[PDB]
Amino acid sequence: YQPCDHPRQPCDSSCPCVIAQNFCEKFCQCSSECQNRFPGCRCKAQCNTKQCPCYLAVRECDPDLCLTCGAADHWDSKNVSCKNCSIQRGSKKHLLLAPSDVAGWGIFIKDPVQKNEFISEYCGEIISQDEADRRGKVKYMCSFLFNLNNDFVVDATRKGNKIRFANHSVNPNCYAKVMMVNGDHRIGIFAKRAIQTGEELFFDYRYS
C-alpha cells in the first residue's frame, strides 16, 4: 500500500489513507497511536475465523499489537495458540513433490486440512502485470508465475518454494490470499474445501 507522510499533521480528512478508506500501515509516517492504524485483536487463541478482526481484514496477527492471542509468543512452535502467524513464523503444512496424477510434476499434501485452512506461503516476488509482460518478452530454465488479480502477478522463478509446483485447474481445491504480514504483502495458500492426506493440490493460475 501507499504510506502517508504529512509531518506534524494528524491522519484526518486530508490524509490519503483516510481519503482512500484504508488503514495506515507499518511504513506510514504518522504516530504509532494514529487512530487510522489497524487495532489488532484480543482473541483468546486460534485467530482463524471471521470472529478474529485480523483474519477478517486478511491480515496475519502482529506480535506488537495482538498481545493476548499468542501472536507475541514467537519462541513457541508446537500446537501454537495463534493460528494466524504461520507466514511470519515460516510454518507450513508438510508437502510432497511427486509426479502428478494428472501430468508433469505435482504437489501432494501430507496433512489433512479443513476448508479455508492455511497450507503454505507461496514465496516469490509480487510484480505488476506490466513487469510480468516485460519478463515474458525477453529467461530461466523454467518459469513459475500466476496471476494474483488484474494488476498483480507472483513470480516464483527466482524466489519460489515447493508449492510453486502445484498444478493449475479451473476447479481448484486451493486458493491464494494476498495478506498483510508485519507491513508487507505476502501470499498465503489456503484450502478451498476440506482436503485429506495424499490429495494433489491445484489452484487457478488465471486469478486467486
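Residues carry their position along the shown sequence, with the first being 1.
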Next on the checklist: Between residue 138 and residue 139, how many residues of the deposited sequence have no coordinates in this entry: none, 1 to 3, 4 to 9, or 10 or more?
Outcome noted: 1 to 3
Item to check | Mean Cα B-factor comparison, 163 to 171 or 45 to 53, giving the higher one as deposited | outcome: 45 to 53
Next on the checklist: Going by the mean C-alpha B-factor recorded in the entry, which is higher: 139 to 147 or 173 to 181?
Outcome noted: 139 to 147
Next on the checklist: Maximum C-alpha temperature factor per the entry, among 67, 34, 28, 154, belongs to which one?
Outcome noted: 67
Next on the checklist: By the CA temperature factor listed in this entry, which of these ranks top: 127, 119, 71, 97?
Outcome noted: 71
Next on the checklist: Please place residue 205 in the lowest, middle or highest third of its chain according to the CA B-factor in the PDB entry.
Outcome noted: lowest
Checklist entry - residue 132: which third of its chain by C-alpha temperature factor? => result middle
Checklist outcome for this item: residue 102: CA B-factor among chain residues, third -> highest
Item to check | Chain third (lowest, middle, highest) by recorded CA B-factor, residue given as residue 80 | outcome: highest
Checklist outcome for this item: The third of the chain into which the C-alpha temperature factor of residue 109 falls is the middle
